[PDB]
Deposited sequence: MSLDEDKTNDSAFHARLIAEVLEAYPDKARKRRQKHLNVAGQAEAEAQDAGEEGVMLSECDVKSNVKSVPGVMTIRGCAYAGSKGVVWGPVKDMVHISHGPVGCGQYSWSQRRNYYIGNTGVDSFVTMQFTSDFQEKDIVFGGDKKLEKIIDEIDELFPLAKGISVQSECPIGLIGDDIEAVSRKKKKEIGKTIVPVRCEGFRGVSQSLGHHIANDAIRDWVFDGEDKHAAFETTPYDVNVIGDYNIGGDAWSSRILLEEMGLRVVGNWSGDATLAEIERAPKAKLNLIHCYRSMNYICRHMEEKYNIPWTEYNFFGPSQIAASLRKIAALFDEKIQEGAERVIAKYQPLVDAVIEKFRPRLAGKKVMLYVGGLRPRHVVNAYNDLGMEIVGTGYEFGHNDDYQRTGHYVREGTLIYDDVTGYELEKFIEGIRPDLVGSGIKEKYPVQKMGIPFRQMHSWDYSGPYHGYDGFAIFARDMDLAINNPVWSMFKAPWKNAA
């Protein structure tokens, strides 16, 4: 019944490490820690190893570079046809499972919630798939004439058999007069979704930006921004966009949720890149800073603390007019914020949460939970890098359990030991946690709800956490005769 949280977390680490054979144990030990007291402001200090190979056989939660490129970066771009290039599986499992929302007539002007594939058969593996790919491109040009560009998302066999998709892309671009983007996101590359992000960002650079300007007529304003790294999960980017426009900015493009190829192409015309997902798109921001002198800045639209801070931070880079717009937006939504807090904070305050998500949300959502009086007692990333773990110290407190590339065994034991009031993670984690009698909310798909970004999203976030935790189902777990 009584515990010292930091020490109890350390004991859980010792317990799980004892379960491994020696070789795996030595690898895993560097990925598990407890946040320490810190020496803008760092709340905690943490050394955790990250962004290295997974250990075989341990039940990692990670995905691959193809997920990071096709599933994450490219797939949401609505007016392109994305070919899942290789056998049928990858593009079947990833067909419409990421809720990167868009407005379009699917199959006609927009192609997101579809699978396009080269459906490799054994002949394609033996003889190569480039001729098939050329034909595929012709078939797309004919049957999907309003597609503005085509991407080629390489699955595992492409690089293994020596196909030359870049040659195909050059050849067909000249023939059909539409951008063709070859992406080398084969799943054998890297260790996770992360390298897919970076490969995909480089492909935007190399095959979209590295081309003649198609928007010479674009009229610029002093307040033109790109939102970079908001994939519009459940409309998150739309609930963010409204605030930015109310403050007085003009959003030239939002990468890549609800994005069109034209929006991506125009990005170098903006005055500033606002980056939400640092992990997935910092690469292209760094490039745009170097090549076009466009500065970039990180922000956070989860919960009122972060939204207000973000609006102020962003506005301070412009002028007094936009600074005033920030204050006006914060004031406009204060009655909503207060209403959400008054309704839900009494129902949620004091509850403890464990998180596990990919590259951003493991830190980014923490202050939204704290705005409802909830505390984070464990967090971790599937594929965060050292610079994500360092940023996490701005958000989590001393004593928080930290787990990089957590294994199914570890995370089970940690949840069973801690018994948090709520777990926030993915689909592979949801059902075992609920069977334990612990509330769970999906932190990728938003459990088919959302948006969670922005002021309108904060109300939904609160509602969803409350309905998961304060529900009659939990009281029915134990049969009355047991």
Unmodelled ranges, which are counted on the deposited sequence from position 1 and given in order: 1-5, 45-53, 497-499
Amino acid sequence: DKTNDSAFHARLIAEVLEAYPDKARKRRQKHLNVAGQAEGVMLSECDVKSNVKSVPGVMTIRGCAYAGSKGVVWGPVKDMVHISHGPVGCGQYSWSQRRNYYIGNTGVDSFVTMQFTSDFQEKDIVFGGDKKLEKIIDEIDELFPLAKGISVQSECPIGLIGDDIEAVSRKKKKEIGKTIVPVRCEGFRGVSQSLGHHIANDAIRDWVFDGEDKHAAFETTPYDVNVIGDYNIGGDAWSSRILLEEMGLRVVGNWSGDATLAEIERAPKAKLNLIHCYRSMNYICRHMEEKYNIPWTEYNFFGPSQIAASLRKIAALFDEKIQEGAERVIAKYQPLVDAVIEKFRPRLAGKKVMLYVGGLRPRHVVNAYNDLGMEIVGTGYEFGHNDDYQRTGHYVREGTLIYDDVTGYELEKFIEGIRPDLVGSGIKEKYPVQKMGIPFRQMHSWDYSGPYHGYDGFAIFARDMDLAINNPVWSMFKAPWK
From here on, numbers count along this sequence of modelled residues.
Stretch with the higher entry mean CA B-factor, where the candidates are 40-48 and 433-441: 40-48
Residue range whose averaged C-alpha B-factor is higher in the record, 148-156 or 315-323: 315-323
C-alpha B-factor winner, where the candidates are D258, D202, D230, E289: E289
Selection from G359, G378, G196, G211 [criterion: highest C-alpha temperature factor in the record]: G211
Among modelled residues of the same chain, the CA temperature factor third for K352: middle
Modelled-residue ranking by C-alpha temperature factor, third containing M465: lowest
Lowest, middle or highest third - CA B-factor, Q29: highest
Relative C-alpha B-factor of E412, binned into the chain's lowest, middle or highest third: lowest
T220 CA temperature factor, ranked by third within the chain: highest
